[PDB]
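Laid out below as structure tokens are two forms of one and the same protein chain, each shown alone and named structure 1 and structure 2.
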Structure 1
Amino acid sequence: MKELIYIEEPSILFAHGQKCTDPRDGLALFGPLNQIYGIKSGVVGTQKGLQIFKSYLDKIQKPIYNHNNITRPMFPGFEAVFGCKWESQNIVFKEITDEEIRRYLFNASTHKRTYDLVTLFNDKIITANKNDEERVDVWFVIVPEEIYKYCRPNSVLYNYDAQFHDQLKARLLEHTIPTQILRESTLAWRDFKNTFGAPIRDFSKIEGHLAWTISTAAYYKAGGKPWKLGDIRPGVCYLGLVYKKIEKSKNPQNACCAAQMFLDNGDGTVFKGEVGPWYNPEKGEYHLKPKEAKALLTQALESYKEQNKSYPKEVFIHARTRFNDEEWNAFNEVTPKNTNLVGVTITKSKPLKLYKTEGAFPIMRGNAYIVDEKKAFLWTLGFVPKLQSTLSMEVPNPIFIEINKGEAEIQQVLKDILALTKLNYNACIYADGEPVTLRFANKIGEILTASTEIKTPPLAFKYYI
């Protein structure tokens, strides 16, 4: 009759040296770690997007509540919750007509119209950042629905990703300028419905989620840092080894393994893994040939030395595959003797659903099942007292952790993984199931390989979400 071990929720730091266990609540009470002067956003596209964004800005300046504060907390006010300048004026607006859009809509190639309209967006924003002395922190993208429907790849009247956001952010990361894409129906749900009348984008009682997500995303892309870890050991760092398989049709895919320098802050000094011409997409063994392996490890070591003034005492590798001996030896001849290496991996295909016998609330967050010293189960999604509810759907599915090789206590790495889950930044959610190294690994390995025109990625991390 074995037992399940419980791990307490991490306390993330906040303003004036205070620690709480909720990002929404902690932002509401104290505020961010750093205070920004104020930001001046800008819209692109049509004037309809400008006016609906201005209406949403005037609405978000006012406080907006929800059905209850038990699960989704308050929004006191943008100036009251972050202390930054945000008004109706000083927003740059640009005009994009539909005559050229109407003429190029009748072209037989969807990809051609996509290329021309994306080039229009890109050269317009580069022109705006070129001849204008005014600096824009976050650019805002609003797109109409006619282009969204009549110009789809599957609609009926290869190294570039077909999704618009990925190649937008790739070609803007090549130009090192931040932007954020919102569909028109995302925030204009007041008059956005279907032919029946019911709002598909139902946001009536639940505007607090939109409020918190938009505010936190804008503040993170502003350069400010909302929260930090409470208890962390200097000398440790989190290598989230991306191994997003690249699927550019019939082009040689091989391996484009990226990594994250999640050392002490939310930013990641990411270095793009090469196209990596060793073997083919049939390289399911998923280890690392020594040359690029020690190249990536030396890049990570130099990044940690530049960002922390000292060599790291221990490095945690977070991947999604299994590891073997030769890549570990390749990592070992470039790790110093006083350092240690431990490989942790995250997978989904192993199923185990824990059920609740009595009660009306499911298995929790923070519980864990240990099989041996190297492989265990961890429950990050599910019920949580912090919202009195369950974040997951139906019965939560866990993440199966495997220490592939290396000496590490399972409890300490368990705490590391759940704090890393507690570092979700794109939206103001409580946390997510797998560590944000894996979620943001999908993000950076799906936007990073979206274009072939980039050589060296920027060190900053705000140009990714």
Structure 2
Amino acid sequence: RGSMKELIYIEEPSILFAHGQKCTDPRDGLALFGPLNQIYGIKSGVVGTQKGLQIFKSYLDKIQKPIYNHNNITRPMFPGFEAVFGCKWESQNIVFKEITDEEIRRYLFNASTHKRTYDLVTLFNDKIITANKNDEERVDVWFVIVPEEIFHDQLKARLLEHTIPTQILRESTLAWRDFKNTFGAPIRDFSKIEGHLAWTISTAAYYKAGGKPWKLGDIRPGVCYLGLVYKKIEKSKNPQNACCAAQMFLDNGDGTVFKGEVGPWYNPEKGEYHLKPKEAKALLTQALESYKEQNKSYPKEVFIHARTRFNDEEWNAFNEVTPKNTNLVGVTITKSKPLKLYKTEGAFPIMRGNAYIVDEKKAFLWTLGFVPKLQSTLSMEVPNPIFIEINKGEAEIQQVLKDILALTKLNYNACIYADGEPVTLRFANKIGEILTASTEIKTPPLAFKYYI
């Protein structure tokens, strides 16, 4: 035991649902509790083929009825969107919109994809814009259905300019029955995922319709979490092109995203992954003011989260804008470095939440592992811990991992138990992906209902 080393344990964070009560499992407690922000009715709109709408409505009237899972212990039941979320979602109320089949034959005829993708998106974007441009009956969220792959940033970026929430739906995910390979098996093989497939789309659709399924129930005041990620795009033929991103959450309401600038850095071939001091400090002042106005309170601590190490001069620019006691911590997470642990006795992998502290700055966090309540491990293989190291700034190490576990529960796209990485970075990946379709696209909305 003398040479034995200790893994500290972080208590599982929890989230509070409607009526003020608090629970740990997001989807399990939600049915018993209800969404944090109830939404009265949801009506959507669909663009695509006639068979798409028939497939779309065939899915909608299916998910309202209770749907179970093959392994109900691993994936709990979904009694229905009307009961779980306390809302009402019909099919005949849904706004129906059509695209002529010959239009698909009109522009899919060209086998070239580089010219087709940008222009085929224009047909998708323009008709939706003409729909909710003067109609009194405004549609909450538009469900785009795609027949075949034969696109995300290309479509979302223009739609982003008009503050319209949309959710893309590949035809396979709703018609995997008929969709079969040469062996007759489904392309996506949705035999077991059924019961959980409805869970993630319903949470997504409810979120896009203005609802907030849950929020962190164990958050101290005065702190804010900011995620910065680096993305390089090949759309620009010029080698000097590498974008960045920045996210805010406010930890109590809808998130906030500010690009600051597209930022054509040096980028000798594709990028360097380092904010220049001019842009870095400019975004931070433009970042804190969002928290200052949202909570009408002076911020105290900001946890800048990234996947890369910060240099020295960028922190000096960072540190020269925060007033008084505002201290910045550089919590850079990395997934590459492996320290795969094995349970000596027994067959299950290391349970999640355990951490290995190598010093006062760096630590190994098992955001993925074995969770007892679900009686299963979310990591199919032996879990890979994420290296968490405090790149800059002085802060308690143990406090950092405590909130990272909490931050991994705030993923509204899917209703998973926890994310492998904190959502302050996972959402940032979806942030920079969308906005890089066109360089001149600006005036970006803060809401996270769209953008994903």
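Counting starts at 1 and follows the sequence of structure 1. Think of the rigid core as the biggest set of C-alphas that the two forms share within 1.5 Å after superposition.
Here the rigid core is superposed between structures 1 and 2, and of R183, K245, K124, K374 the C-alpha of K245 is the only one to shift by 2 Å or more. In a rigid-core overlay of the protein, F271 has its C-alpha displaced by under 2 Å between structures 1 and 2. After superposition on the rigid core, displacement of the C-alpha of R103 between structures 1 and 2 amounts to 2 Å or more. Superposition of the core reveals a Cα shift of less than 2 Å for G223 between structures 1 and 2. The Cα position of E282 changes by 6.1 Å between structures 1 and 2 once both are aligned on the rigid core. Once the two forms are overlaid on the core, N90 shows a Cα shift of 1.7 Å between structures 1 and 2.
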